[PDB]
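Colleague: Got an experimental structure here, sequence first:
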Amino acid sequence: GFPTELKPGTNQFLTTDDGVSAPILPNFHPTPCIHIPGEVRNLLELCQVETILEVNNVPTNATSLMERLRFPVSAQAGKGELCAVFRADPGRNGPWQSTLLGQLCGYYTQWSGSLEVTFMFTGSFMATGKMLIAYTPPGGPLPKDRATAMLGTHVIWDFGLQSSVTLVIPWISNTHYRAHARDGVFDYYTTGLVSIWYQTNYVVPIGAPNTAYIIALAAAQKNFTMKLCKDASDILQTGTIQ
Amino acid sequence: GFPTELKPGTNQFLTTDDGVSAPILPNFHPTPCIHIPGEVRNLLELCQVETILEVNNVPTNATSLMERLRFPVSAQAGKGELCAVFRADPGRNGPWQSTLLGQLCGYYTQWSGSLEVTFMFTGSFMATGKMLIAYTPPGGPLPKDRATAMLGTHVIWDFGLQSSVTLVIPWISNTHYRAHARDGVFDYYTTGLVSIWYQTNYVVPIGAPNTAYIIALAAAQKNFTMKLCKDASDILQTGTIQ
Amino acid sequence: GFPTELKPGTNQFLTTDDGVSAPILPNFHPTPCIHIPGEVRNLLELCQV
Amino acid sequence: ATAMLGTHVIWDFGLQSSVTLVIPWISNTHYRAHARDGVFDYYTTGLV
Amino acid sequence: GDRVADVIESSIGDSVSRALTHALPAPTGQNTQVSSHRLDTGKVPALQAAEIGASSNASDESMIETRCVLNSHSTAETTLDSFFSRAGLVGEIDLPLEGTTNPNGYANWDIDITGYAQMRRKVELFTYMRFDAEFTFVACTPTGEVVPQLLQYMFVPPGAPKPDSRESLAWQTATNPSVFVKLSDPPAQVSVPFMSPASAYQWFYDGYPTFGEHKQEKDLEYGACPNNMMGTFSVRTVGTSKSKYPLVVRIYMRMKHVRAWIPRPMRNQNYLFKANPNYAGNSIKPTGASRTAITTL
Amino acid sequence: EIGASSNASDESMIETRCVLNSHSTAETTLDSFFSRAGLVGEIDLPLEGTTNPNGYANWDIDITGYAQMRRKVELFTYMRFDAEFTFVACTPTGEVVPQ
Amino acid sequence: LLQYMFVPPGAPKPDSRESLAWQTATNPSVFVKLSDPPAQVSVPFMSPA
Amino acid sequence: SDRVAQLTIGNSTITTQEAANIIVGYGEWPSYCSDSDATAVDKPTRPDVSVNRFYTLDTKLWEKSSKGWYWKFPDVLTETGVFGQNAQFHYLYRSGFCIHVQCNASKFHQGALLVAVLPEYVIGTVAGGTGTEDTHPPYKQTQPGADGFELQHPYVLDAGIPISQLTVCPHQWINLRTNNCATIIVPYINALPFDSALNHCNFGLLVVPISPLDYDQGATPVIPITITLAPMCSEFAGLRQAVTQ
Amino acid sequence: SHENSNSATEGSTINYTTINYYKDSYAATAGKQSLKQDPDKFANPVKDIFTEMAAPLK
Amino acid sequence: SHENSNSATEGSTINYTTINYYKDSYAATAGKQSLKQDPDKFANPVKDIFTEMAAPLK
Ligand SMILES: CCO/N=C/c1ccc(OCC[C@@H](C)CCN2CCN(c3ccnc(N)c3)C2=O)cc1
Ligand SMILES: CCO/N=C/c1ccc(OCC[C@@H](C)CCN2CCN(c3ccnc(N)c3)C2=O)cc1
Ligand code: NA
Ligand code: NA
Ligand code: NA
Ligand code: NA
């Protein structure tokens, strides 16, 4: 026979090896493929679709789970009070886990790109108000007041016919990619904080509710990509699935 | 030697693997092939040949086996009475097992195509009559009367010089191919039912038999094909064949 | 299969052997390389310092 | 649910104060005589 | 022939499904363009109307002053094949000596990959999937020891006779495809084509397989699609007498040449059964982590 | 009676639509059907025995002792073919021994 | 028979010989026998830097 | 001029003066099955105007405590008008749909409904609570007909999946301060060219309040949500007697 | 490959596409066969062929 | 290679670059897929497309 020599790696089964294997059914032809709507080609396609961000991730009893999908605003005392805060880290435990972006993110070790959160006001038509939504890049501690938060990237939102506003969390990182951030040394990769403040006040006339909610929708910008495929942190099974 | 590396699959013997094996008799030449009539090239060729469909698959004692090859018709009372019924499923237990189509069908997991059953009347020349042969697509239960069966695909057969008539069971399926149907969830693939009714009546003059038989011949249409080669449900041996 | 014959050396792991090994992460792309001062190409460069 | 099976319009109140329901000509004859109770109901146009 | 106008001018029969969108090449992440201060009336990129159902069209360039960034980060690792063509465990078959399960030296496994959560949660991201697959079989004792035992794997498509014993006539395997291999040999490995009667496999079928009254006793058939049932995988020790060793066969699957349609929400409750999405009602947990207040990290 | 099969087609028995059928006929060729290895012989070489206890055996080449394979080939009267033979050997427990 | 598995930052680290993490549906794993030659693979430059 | 709209099909016309554009699911319009995708050979029947029209099937009341509802297609119509008759007399059916969910209030009411379409919406059960019992949903829950069915656990859509990600499916929101309706056009979605309108429900329509309805005492408290829908490009084949299930 | 012509199908009305590494062609793979068919040889071996539309016996 | 066209992606809107040693194409490697994307199909399936600068509801 022809002279060969076996090298290391021989006989091993590497789960990600892309090779050729003998076909079990020779001359077999599959059922033709008809047209089916909604074909997806790249997971990145799904990452640009906004899903609900559970900013209000506090209630935990079955009957109150739906309350996590929205947070409130109501008439205040004009002292630029804080409405809500959350970390911008998409692949970290917290609000982002509720989004499809966050979940897909779990199957990748590193990510890179700008994010966007669109806030939709669902109060009555007669309700008005101006909010200041801020993004604080790494290094900046949770803003103690509106004056401090205002020093970073922000948007001033005015309620009106357009029910929603978009806060872009631009990619501001020291590295080209960030790994998933968590407490400890990996906080090196944190994206930062997002805080919502009352710019003026939630105002309403006689006859309209004094409290209304805001729904947050999040997704990735078009410069977002992910690399280094990995298994998600969760395994949804306790014993054997029968 | 030349650097190689063994991959999984090494040393395995896959019965359907199409490979090259050393030849035991070098420089051997076979006896030339003379011309022989009846060469077959594709099993589909045989599937278009009609073989007898045992519609009357009820008698089971040795001496009555031949009676399964034919069913009867005779003078009735003009109330559009039922003559016979059977499932159209070709690869299912029942009448089709008697046909060569049904048997070949057993060596394949999936099939697709229209079928045809040609009925030949073998009564005396003086016998006349009109029958209604119906095909009921999936979902329709066994027709309670001729009026119900008439709502599906059918042929009205008139006895005469042409002894036979053909009922085409057109391919009407939701899927491109059907797997063999059987009781249970696989009934999803049933083809439907075929029922034979008296349209008028079997009429005959003084002197001719009051009962005659019909022979059913079945085969596949030219759009019929099969895929996913498998072993037949039967194994015709009990112990070792000596 | 195609006729082969294993020669001595088969299965050995020579630490300086320059061969090909299956890649663990298919279709993976590394972080691009930005410019960094002081690239060295040959140890001889350092020997002249 | 039954009325919905015939010709209809779904009207939404708003800036445009009005909506138009067209009662299209759907008759067996080219012309209808005045309808009334009795055999002349043959010419009725229908209900709204 | 046709003559009345409404017939000549109708669209009845148009098979060309009009598409509002088309794909574009996107081998890298989008770049960032220089942007400057804008102080306009009429132009308002930051304001949206989420009610419409579309996602925000606002970009970095319009919300803050940006620099130019030439982004060459690849989008290659997020393709369907990149994501799915990684072999995972989908089946386990035990062939013990002393036992309650398969003590007779053979076993029949219904081909259903939904018994393992890692793999299952990935595929259930899509409703329909069409793909070929590479199957690898790893066998050893329950200690992971390699023993000199010969095995036979046989694929029994729907309708073929399932072996009922280590000596079944069905093992003659004259048409079914079989693989003969030793535990001492590397893991056996073969390629499997897309075998469904449908154009795609579907991980969800909101319907019943048959017609009729769907009474209580038959409700286990809700969601059963035969188009997804490819058959049985049978394994036996090759002999007329019991094997000397207890064995285990782990089954790995690596999809390749993948196409998928209709993305959907990803499972957020533990899986309980292969055949359905049932979840434990007394343990409905939030999709992710929680905190004490909305104003505190 | 003529001995031919019906020439009637779907098109002439019911009103049909157009269907472009691209279902392959490739898997029903003779090689597709027969080129799948099946068991056709078994030879025992026991130690203690009545059959071949002397360490050797002669098997007349005749593949009709197994029904699965036999029923397939007997569908035809004459057949001309080459063949690939594979021999699987082990102990009666399926154990592999250095023999 | 052994199993080697690469667990990138963020993926669940097995906590036992029977951990669900060994299903290795996305992480790259290598299955090999001590009787086989030494396993060998190629690793890319994976840093975010 | 995007807030106003008129939908006319068959002998039915819908108007709205507070719309939020129209969604065309997965970016494609309904169409008839092509000759190469088709497999069944009988010539289909395409009734046109008598079946592709708007049917107003049901009205639900939105209350401060409502959990949400769902309907199944084509189940909601299998017993209505000429469409239902064709669905019953034929084995094979295929069509698209134009869905128009209506809900209006006043400029002093508030609340937001998520209106979405989820293909192959398989329903699950709570498994006896403990999860040790393999219970299954009854026929009236999987195919509720025109009355629809109320979600028991909207957070997981009664199927172990997060409603927070339902927006990955064709949707619109009815946010009272903005619009009074949702309009979604859906093409035929299946792995086969035709299927049984009886045994298979291609998709489900979900209407779920995400931001609870609220208003002050004195404002009209009865706030209906009405479901109107039209089949598009309906095709039927495999004729025989009528069957209801 | 300049080998021997010792295959069972040398001189067949159907050409094959095979692989082989030996001087004897019967050692070759099964390859792919030609997709020609002739149902009439069995389904319609009549001397005087009769049309579909007509009455088979006239 | 003159093989069979039995891959799951035969007739796809994305061409692949694969390796294979068998007559059946589904036995081939996964290769590389085409990098085309269409986010709009999911993120913006609106009938009447609205610009960025404008007010989405006018
Ligand atoms: C010696 C011969 O070696 N033979 C090896 C061999 C390997 C694999 C094999 O067939 C593999 C079939 C898989 C590719 C797809 C399995 N699928 C499809 C979708 N599905 C679903 C869908 C919905 N609900 C549930 N529960 C399950 C599912 O489980 C046949 C033979
Ligand atoms: C080291 C050397 O390794 N050598 C291996 C080896 C393998 C096979 C071999 O010859 C194989 C012969 C088979 C291809 C055909 C057997 N045939 C023909 C038809 N026939 C019939 C016909 C009518 N009735 C009965 N009963 C039987 C039948 O049984 C010779 C040598
Ligand atoms: Na291989
Ligand atoms: Na060989
Ligand atoms: Na190597
Ligand atoms: Na069905």
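Modeller: Yep, that arrived. Residues are numbered from 1 along each chain as shown, chains lettered A, B, ... in the order given. Ligands and ions are numbered 1, 2, ... in the order given.

Colleague: Helices along chain H, start to end?
Modeller: Applying DSSP state H to chain H gives helices spanning H:81-89, H:139-142.

Colleague: Tell me which of these sits nearest to chain J.
Modeller: For the helices of chain H, the distance to chain J is smallest for helix H:81-89, at 24.0 Å, taking CB to the nearest CB. (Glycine included, C-beta is placed from N, CA and C.)

Colleague: how about the closest one, does it reach chain E?
Modeller: No - counting by CB under 8 Å from any CB of the partner chain, chain E has no neighbours in helix H:81-89; the shortest distance is 11.6 Å.

Colleague: before we move on, what about stretch A:63-72?
Modeller: Yes - Stretch A:63-72 is in contact with chain E by CB under 8 Å from any CB, via A:65, A:68, A:71.

Colleague: And these, which is closest to ligand 5?
Modeller: Nearest to ligand 5 out of the residues of stretch A:63-72 next to chain E is residue A:68 (CB to the ion; 50.6 Å).

Colleague: what's the spacing between the spatially closest residue to the closest one that is not a sequence neighbour and chain G?
Modeller: Distances taken as CB to CB, 6 or more residues apart in numbering or on different chains put residue A:54 closest to residue A:68, at 4.3 Å, once the chain neighbours are dropped. Going from residue A:54 to chain G by CB to the nearest CB, to the nearest Å gives 20 Å.

Colleague: ditto for residue H:36
Modeller: Taking CB to the nearest CB, one finds residue H:36 at 36 Å from chain G.

Colleague: Look at that residue and say how many residues are nearby.
Modeller: 16 (other CB atoms under 10 Å in any protein chain shown).

Colleague: contacting residues for residue H:52?
Modeller: Residues in contact with residue H:52 (CB atoms under 8 Å, 6 or more residues apart in numbering or on different chains) are H:9, H:10, H:95, H:230, H:231, H:232, H:233, H:234.

Colleague: Filter those residues down to the buried ones.
Modeller: Among the contacts of residue H:52, those classed as buried by 16 or more other CB atoms under 10 Å in any protein chain shown are H:10, H:95, H:230, H:231, H:232, H:233, H:234.

Colleague: for residue I:35, helix, strand, or coil?
Modeller: When classified by DSSP: H, G, I helix; E, B strand; the rest coil, residue I:35 comes out as coil.

Colleague: where does the stretch 51-200 of chain E come near ligand 1, residue by residue?
Modeller: Among all residues of the stretch 51-200 of chain E, those adjacent to ligand 1 (criterion: CB under 6 Å from any ligand atom) are E:111-114, E:133, E:135, E:153-155, E:177-179, E:190, E:192.

Colleague: count of neighbours near residue 212?
Modeller: In the absence of a named chain, this looks at chain A. Neighbours of residue A:212 (other CB under 10 Å): 26.

Colleague: wrong chain, I was asking about chain H
Modeller: Neighbour tally, residue H:212, other CB under 10 Å: 19.

Colleague: quick one: contacts for whatever residue of chain A ends up closest to chain E?
Modeller: Closest residue of chain A to chain E, CB to the nearest CB: residue A:97 (2.6 Å). Residue A:97 sits next to A:54, A:103, E:287, E:288, E:289 when contact means CB under 8 Å, 6+ apart.

Colleague: hang on, the second one in a helix?
Modeller: Spelled out, that is residue A:103. Yes - under three-state DSSP, residue A:103 sits within a helix.

Colleague: who's in contact with residue 13?
Modeller: Chain wasn't specified; assuming chain A. Contacts of residue A:13 by CB under 8 Å, 6+ apart are B:8, E:136, E:138, E:186, E:187, E:189, E:252, G:30, G:31, G:32.

Colleague: wait, chain H
Modeller: Residue H:13 neighbours (CB under 8 Å, 6+ apart): D:8, D:9, D:10, H:6, H:7.

Colleague: how about a cut-off of 7 Å?
Modeller: D:9, H:6, H:7 (CB atoms under 7 Å, 6 or more residues apart in numbering or on different chains).

Colleague: does the last one really touch residue H:22, like I thought?
Modeller: No - using CB atoms under 7 Å, residue H:7 is not in contact with residue H:22; the gap is 8.7 Å.

Colleague: what about residue A:196, distance to residue A:81?
Modeller: For residue A:196, the distance to residue A:81 equals 10 Å [CB to CB, to the nearest Å].
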